[PDB]
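Notes for the one structure printed next.
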Amino acid sequence: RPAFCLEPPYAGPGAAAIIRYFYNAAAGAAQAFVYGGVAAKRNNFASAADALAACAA
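Taken in order, the sequence shown gives residues 1 to 57; the numbers are from the entry's author numbering.
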């Protein structure tokens, strides 16, 4: 499991309200979060499937 998969979700400073997904390793689940549209970190994916593929192979 790449180490980035343990990062808390990061909305960043932006004012957009975009739905993205992060891997929540404690929950063993990909979960939706709000992304502000700038300053993404790595635990940020377009879909739950993409998050699971990277982080729960």
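Quick reminder that beta carbons are idealized off the backbone N, C-alpha and C, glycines included.
field: For residue 51, the three-state DSSP class (helix, strand or coil)
entry: helix
Contacting residues, own chain, Cβ-Cβ under 6 angstroms from residue 10 (five flanking each side not counted): 41
- request: Grab me the residues of residue 25's own chain with a C-beta within less than 8 angstroms of its C-beta, minus the 5 sequence neighbours each way, in chain order.
  value: 1, 5, 6 and 55
task: For residue 57, count neighbouring Cβ atoms within 10 angstroms of its own Cβ and tell me buried if that reaches 16, exposed if not.
output: exposed
query: residue 19 and residue 3: beta carbons closer than 8 angstroms?
result: no
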